[PDB]
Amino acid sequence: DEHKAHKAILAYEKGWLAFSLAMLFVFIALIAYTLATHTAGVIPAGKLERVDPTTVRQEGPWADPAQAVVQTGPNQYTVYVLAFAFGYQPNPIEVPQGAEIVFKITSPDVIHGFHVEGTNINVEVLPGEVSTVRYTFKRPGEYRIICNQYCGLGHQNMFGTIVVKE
């Protein structure tokens, strides 16, 4: 009874442990796959790229928001975004559909979120560093940017806007 119950319990637990490991392994295969698609573009570039938050609004590519959007490939735009208290420049961000948008985002004060609603763009923006991420917008229109890292009392109302043109 107890000797038996124990034997059967331990046999089957080993069944479970093998199947679960299996399932974990498959998830790993499925994550890997995503790494090989274009959907991995939203993973940040893990290169260090250091800036000076104290001068970033005075010099460099964040200094003049109406020139944040540069064509860097025959189908590619780099966009220099400032995330700051409490908003995003430029507002709006204007990019064309179909084109690969490299976002290079930074902050002059504290940390912010950059979460593009409707998309997989979700990146922490740290002052002193440039966060780089890649997305292609397939559908034209208006995406909301949401800040999703607490950044002080203005956190709940800090929003931005990406317009994707036809």
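We number the residues from 1 along the sequence you see.
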122-130 versus 49-57 - which carries the larger mean C-alpha B factor in the record: 49-57
Which of 71-79 and 86-94 has higher mean CA B factor, as the PDB entry lists it: 71-79
CA B-factor ranking of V42, expressed as a third of its chain: middle
CA B-factor placement of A99, once the chain's modelled residues are sorted into thirds: highest
Modelled-residue ranking by C-alpha temperature factor, third containing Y12: highest
Within-chain third of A36 by Cα B-factor, per the entry: highest
Relative C-alpha B-factor of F137, binned into the chain's lowest, middle or highest third: highest
